[PDB]
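Peer 1: Protein chains in written order, with PDB author numbering: chain LL, 6 to 170; chain LK, 29 to 96, 125 to 193, 198 to 207; chain Lc, 6 to 56; chain LF, 2 to 292; chain LU, 2 to 157. Just so you know, even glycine gets a beta-carbon here, dropped at the ideal spot from N, CA and C. The structure is given below, and queries will be raised subsequently.
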RNA sequence: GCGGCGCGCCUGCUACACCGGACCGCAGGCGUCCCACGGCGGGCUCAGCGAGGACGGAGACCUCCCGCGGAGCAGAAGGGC
RNA sequence: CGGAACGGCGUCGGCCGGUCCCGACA
RNA sequence: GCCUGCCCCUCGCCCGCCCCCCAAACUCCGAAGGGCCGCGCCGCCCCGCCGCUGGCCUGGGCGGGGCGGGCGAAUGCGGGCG
RNA sequence: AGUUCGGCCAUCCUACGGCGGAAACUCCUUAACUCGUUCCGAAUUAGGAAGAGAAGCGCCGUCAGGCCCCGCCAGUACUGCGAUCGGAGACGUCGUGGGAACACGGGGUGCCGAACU
């Protein structure tokens, strides 16, 4: 109930992973850039499994980080696709949660004949004010137990913000 | 390795069940062939089992041969320790004499001054039972968190 | 064939010879800058041996 | 559900704690190893340094020589001492870091030339009379008999970037006469081989804040009431910024000697440690309730 | 022995201590070493450059030269019959100051200082010769609270 | 003789707490490879547990965690970080 | 009586246990 | 036992507490025993000199003069060099 | 009291649970520039100041783990120097010396200088 202890959304990583197709990955990274306003970096893998074109450095996945209220807007739209219904398991040990969309068109972005349907992974990070104690270059210290966001507290916050029961 | 089984008979028993342990304490510093170690366990197991039930006796080979197989034995190291309920108290010594003839050197049947598999002495173990402090499988002690 | 028995008795026959007084105080391996400055200090007032 | 614990007792014994200041994240010992190192032929000749630290409140500038059991500060200037010289707000500013730097250099030079007279540190090294955007090296040109003091900048864990407020102090000490090795690349104004004295002059006069104040005045007055609230209490305006800074630089040169200010000591009612009898009761309390 | 590299048989000596791994404390670099001072050379594994050889570990010697990054130490090595001065250049980290002569310096200070302190007071010069332990004196001891002792039987 | 190469060299043993100590004694190596796998400055933290998230699983991917190195640093081995 | 595990109701000397004038079916 | 099903229990498995024996190429620790260096000149004070070092009147070395104090572990024994 | 720079680097660590902030420090709040992010002002660079003890942190507290100090282990294990000392040996005495370790029980649980407020 402390004003310096209010759960807020750290970010939204959007992860789209394909196999070895030549342009399937490029158009998808582009498909995220429009919603995000941040150019999604291409995050490759270092394991070559036969998979479907999977290799070391084969542009396996695209991931983009969106922070602030501009990402809250995206999170709510993705939750409308899930019918504002998330399972209990979606909350993590550290209180982080996630949900997933099947089609870029689901968010309402127009289907383009050029842009095929792309599935995405929505991962939402939950951080209270004063969590940069773990990240500051100078005087870095571990976040304390009370400040760390527990899963039970996290579940209550989601109903308060995105109205998903 | 000739022997892969060292604890024999009643491995799944409980502490306090059998009071008198008997150990063939070695008196020579030498090496005992793994083959003799196997030979003395089977011969000792056969005698106790003929005499009394397998449940009564827990026979354990004390030293596992590692040297390459042959075991480096030292003065005052037990050879075959067996704890038994008083139903089987008398038989173990004559089984342990067969063990003495399979193993070279001077070895002596030594009766334990405690329950054998628990170091607490028979008097101390009796005191432990009266108090109820002993934890069945070590010392409950006064350390660790209180809650 | 290899053996070092009698080596220590042979070494101690009249050995344990110390290095020498010139060795302890020598200008060998010393810092060249130290050596140059030392010569200039010596070359003045009483220590100067210059004619 | 059932797994090994990474923080094992064996791990606890084997772990070697890092240095007290490394555990605090405060200092890099690799950086301080090359900053303080001297050839052993120089012996105990002092090797001074110019540690500059930036706290959210005020920039701390310290001239320190390291010693066998301690670090000795010959002279220090904190930005809380800038308001005495006429710098009311924005103590953590580029122009204010230059002003902390000028105070540090002048205070040390005056304290080195306490009464030397001939070949005095103050007279032999005046330094730039007024703050400009040019480059002046105290060691270069004027020299001999008495050299300018030498220190090495200790930016600590700051990143070495162009327009850094930790580099601004270096220019202020240089412009007081303390010699710090510099390259003017990490200073505002450097590209190709052309360095803009005007860009260094702009931030050293505070024009960059001056512009922000005007931008808010036209874009949103209400933000100016909130973002620049402290400035409004002191009535400093964008046009004044540059002239105000220069008078404050002049006062720092004119009277750099230190004043003690106001400090206090409060010993708190800290929860205290307990005796052996006291803990016997605490252990007993858990034991009696357990039954 | 079929291989004789510079670091043969150095697995344990050149190894760091149980909880000493990392970088050397800055005191070593700050420490001042003067010409002719006694230093003790103990190789530090972490600082590979300018390392001494294994022989010159545990050896105590005098600084022949004081240089920039490294000092020069002379230690006397026994080869066959002769003992020959080896002038070695060692990095600052490997060399630490010696307290071998510290006792003499303590005794030398007391030797002159006690003599002056007594010079003002009692005239007889204080003896300044270390006597090696010496025997026992008259020494009276109480018997009244004595304990009888008897050997205990071999219980087994 | 034959085979082996204690024929030149390196690591850990043997080696019996300075050093030096043999064996057709004990495990392995070296004859190269790389203008980057170099020099230097900067930023960073590595393996992995955990627990979470379209296709997703045995496996591909991305996150908050905790991580004394359990990773890496060309190739033997041992130190080193 | 070079010699080993292993024996001896050989002769000495021990070290620990039970019965022994209540006399080791009367 | 179940429309069936991991809806029914059991050992393995996973950890946890333990425990029996181990090392040449394992070390929390750690001997005996060895190695190395020291045991006479201390202070005080003033300069001199140094293309060497320093913000400096800072050093570091190397010299000279005074002025105080002394020979400061046992035992045996003249060494040194060609 | 607290800061900045340090020296020894756990009595200073780890995990947890309390307590506190006058000042300090942090958190925090924003990109107009400077600067800054395989993407992301998260970090970083700027420019601040409405908050705030929730953390960080400063203190306590754990029959906490570790880390440390003292016993004891124990004249024990080994081992130096002798022995026509026993023993078929390999092993153990005896004389004269030097003497561990794990456990276990008790007790602890950072200190130092420089500048500053």
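1) For residue 108 of chain LF versus residue 219 of chain LF, is the C-beta distance shorter than 8 Å?
2) In angstroms with no decimal places, state the Cα-to-Cα distance between residue 5 of chain LU and residue 65 of chain LU.
3) Answer yes or no: do residue 243 of chain LF and residue 207 of chain LF have a C-beta to C-beta separation smaller than 8 Å?
4) Compare the beta carbon distance of residue 156 of chain LK and residue 52 of chain LK with 8 Å and say whether it is the shorter of the two.
5) State the CB to CB distance for the pair residue 49 of chain LK and residue 172 of chain LK, rounded to an integer number of angstroms; the pair is presumed to be in contact (CB under 8 Å).
6) Give the interface partners of residue 158 of chain LF over in chain LL, defined as CB-CB distance under 8 Å, in chain order.
7) Run through chain LL and tell me which residues come within less than 8 Å of residue 2 of chain LF, C-beta to C-beta.
8) Say whether chain LL places a C-beta atom closer than 8 Å to the C-beta of residue 282 of chain LF.
9) Could you compute how far the alpha carbon of residue 12 of chain LL sits from the alpha carbon of residue 167 of chain LL?
10) Quick one: what does DSSP say residue 154 of chain LK is sitting in, helix, strand or coil?
11) Counting only beta-carbon separations shorter than 8 Å, does residue 146 of chain LL have a partner in chain LF?
12) Which chain LU residues sit within Cβ distance under 7 Å of residue 24 of chain Lc?
13) From the DSSP output, read off the bridge partner residues of residue 65 of chain LF.
14) Mind listing the chain LF neighbours of residue 90 of chain LU? Cutoff is C-beta to C-beta under 8 Å, in chain order.
15) Is it buried or exposed for residue 134 of chain LK, if we count other Cβ within 10 angstroms and need 16 for buried?
16) Classify residue 200 of chain LK: buried if its beta carbon has 16 or more other beta carbons within 10 angstroms, exposed otherwise.
17) If contact is defined by three or more beta carbon pairs under 8 Å, each pair taking one atom from either stretch, is the segment 117–135 of chain LL in contact with the segment 34–46 of chain LK?
18) Quick check on residue 33 of chain Lc - is its C-beta less than 8 Å from some C-beta in chain LU?
19) With DSSP as the reference, identify every bridge partner of residue 125 of chain LL, one or two as the case may be.
20) Nearest chain LL C-beta to residue 312 of chain LF closer than 8 Å, yes or no?
21) Check each residue of the segment 24–58 of chain LF: if its Cβ is closer than 8 Å to any Cβ of chain LL, include it; give the result in chain order.
22) Quick one: give me the first and last residue of the alpha helix (DSSP H) that residue 31 of chain LF is part of.
23) At a Cβ cut of 7 Å, what residues of the segment 116–141 of chain LU count as close to chain Lc, listed as they run along the chain?
24) At which residues does the alpha helix (DSSP H) containing residue 12 of chain LF begin and terminate?
25) Say whether chain LU places a C-beta atom closer than 8 Å to the C-beta of residue 124 of chain LF.
26) With C-beta atoms as the reference, is residue 175 of chain LF less than 8 Å away from residue 91 of chain LF?
27) Anything in the segment 20–33 of chain LU with a Cβ closer than 9 Å to a Cβ of chain LF? List those residues in chain order, please.
28) Taking residue 93 of chain LU as the query, report the chain LF residues whose CB atoms sit under 8 Å from its CB, ordered along the chain.
29) Would you report the Cα separation of residue 179 of chain LF and residue 50 of chain LF, rounded to the nearest angstrom?
30) Any chance you could list the alpha helix (DSSP H) runs of at least 4 consecutive residues sitting entirely within the segment 22–73 of chain LL, in chain order?
31) Considering only DSSP beta bridges, list what residue 98 of chain LU is partnered with.
32) Can you tell me which of the three DSSP states residue 229 of chain LF falls into?
33) Looking at C-alpha atoms only, which residue of LF:188, LF:195, LF:171 and LF:138 is the closest neighbour of residue 61 of chain LF?
34) Take the Cβ of residue 214 of chain LF as the centre, count every other Cβ of all protein chains shown within 10 Å, and call the residue buried at 16 or more, exposed below.
35) For residue 168 of chain LK, which three-state DSSP category applies?
36) Residues in its own chain within less than 8 Å of residue 166 of chain LK by CB, not counting five upstream and five downstream?
Peer 2: For this structure:
1) no
2) 29 Å
3) yes
4) yes
5) 2 Å
6) 142 and 143
7) The contacting residues do not exist; residue 2 of chain LF stays about 13 Å from chain LL at best.
8) no
9) 13 Å
10) helix
11) yes
12) 77, 84, 85 and 86
13) LF:50 and LF:74
14) Result: empty, since nearest Cβ-Cβ is about 12 Å, beyond 8 Å.
15) buried
16) exposed
17) no
18) yes
19) LL:106
20) Examination of residue 312 of chain LF is not possible in this model, given that chain LF is present from 2 through 292 alone.
21) 25, 26 and 27
22) 30–36
23) none
24) 10–15
25) no
26) no
27) 20, 21, 22, 23, 24, 25, 26, 27, 28, 30, 31, 32 and 33
28) 41
29) 11 Å
30) 29–41
31) LU:40
32) coil
33) LF:171
34) buried
35) coil
36) 50, 51, 52, 53 and 134
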